[PDB]
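Colleague: could you work out the structure for the sequence below:
(chains A, B and C)
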Amino acid sequence: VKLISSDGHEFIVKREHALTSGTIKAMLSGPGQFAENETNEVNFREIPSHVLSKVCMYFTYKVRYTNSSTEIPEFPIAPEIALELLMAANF
Amino acid sequence: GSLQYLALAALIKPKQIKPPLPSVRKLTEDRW
Amino acid sequence: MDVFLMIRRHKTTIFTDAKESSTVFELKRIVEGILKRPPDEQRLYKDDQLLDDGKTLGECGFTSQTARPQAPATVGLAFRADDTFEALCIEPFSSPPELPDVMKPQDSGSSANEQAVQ
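Modeller: Numbering: from 1, shown residues only, chains lettered A, B, ... in the order given. Take a look at the structure below.
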């Protein structure tokens, strides 16, 4: 999984975590057609690398958290930047 | 969709929403 | 036990999920199978210091507390190329960690690398 942000920043995600992420209902079914090519090179528009990084980290965390890391508490609600991501709405 | 629900399960922020400021990359704090 | 790191080649960040028993050389081999670049020319810089290919992540300070699933340890990947001065741009031994000025006067998040936008 190769993510591409508006800043031209590429993010390579390990398939090990990607598989688990795919199990969760993501915005992959949002657009009209999400062909195999789109699943390889995912280009996002109006989405900065900075905010995308937090999303990727949260996904990575969630993958482990809902797997073998459910012993710890939920993500620390310290940085109030999650609502900023919710501003996208279609995510 | 996904993040729409995951965001609430990440941080419960009851702050104001306003169009993102082009100066940086974050939503402004006002109302609309 | 688990080690979460991020090999950042400036514009290309590769999430690496390895273990404390994994060596630095192994990381390069992983990058090789992704970017198709020889490990010989690969330079991994963590904490602005060069990692040892013959050393394991545990000896390189890749503790699970530093390398968390919520915030992986960002390692700089400099690719040595002839004539290409791009390498110097990704070398912390010459160029400081790239950080946007607009994303500078902010606070810290819940872990390393994470920032809190005011």
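Colleague: quick one, strands of chain B?
Modeller: Taking DSSP state E as the criterion, chain B carries its strands at B:20-21, B:26-27.
Colleague: out of those, nearest to chain C?
Modeller: Among those, strand B:26-27 comes nearest to chain C, with 4.7 Å by C-beta to the nearest C-beta. (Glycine included, C-beta is placed from N, CA and C.)
Colleague: returning to that earlier point: highest average neighbour count across the strands of chain B?
Modeller: strand B:26-27 (a mean of 20; mean count of other C-beta atoms under 10 Å in any protein chain shown).
Colleague: chain A against chain C: which residues are in contact?
Modeller: Within chain A, the positions lying close to chain C (C-beta under 8 Å from any C-beta of the partner chain) are A:8-14, A:16-17, A:50, A:53-54, A:56-58, A:60-61, A:63-65, A:69, A:75-76, A:78-81, A:84.
Colleague: okay, and which of these map to strands?
Modeller: Short answer: the residues of chain A next to chain C in strands (DSSP E) are A:10-12.
Colleague: now the residues you listed as JSON lines including neighbour count?
Modeller: Output for those, formatted as JSON lines (neighbours: other C-beta atoms under 10 Å in any protein chain shown):
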{"residue": "A:10", "neighbour count": "21"}
{"residue": "A:11", "neighbour count": "22"}
{"residue": "A:12", "neighbour count": "19"}
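Colleague: quick one: which of the residues you listed is nearest to chain B?
Modeller: Distances from chain B to those, taken as C-beta to the nearest C-beta, are shortest for residue A:11 (15.5 Å).
Colleague: would you mind measuring from that closest one to residue A:1?
Modeller: Separation of residue A:11 from residue A:1 (C-beta to C-beta, to the nearest Å) stands at 8 Å.
Colleague: what's near enough to touch the nearest residue to residue A:55 once chain neighbours are set aside?
Modeller: Spatial nearest neighbour of residue A:55, excluding adjacent residues (C-beta to C-beta, 6 or more residues apart in numbering or on different chains): residue A:85 at 6.2 Å. For residue A:85, the contact set (C-beta atoms under 8 Å, 6 or more residues apart in numbering or on different chains) comprises A:51, A:54-55, A:91, B:3, B:7.
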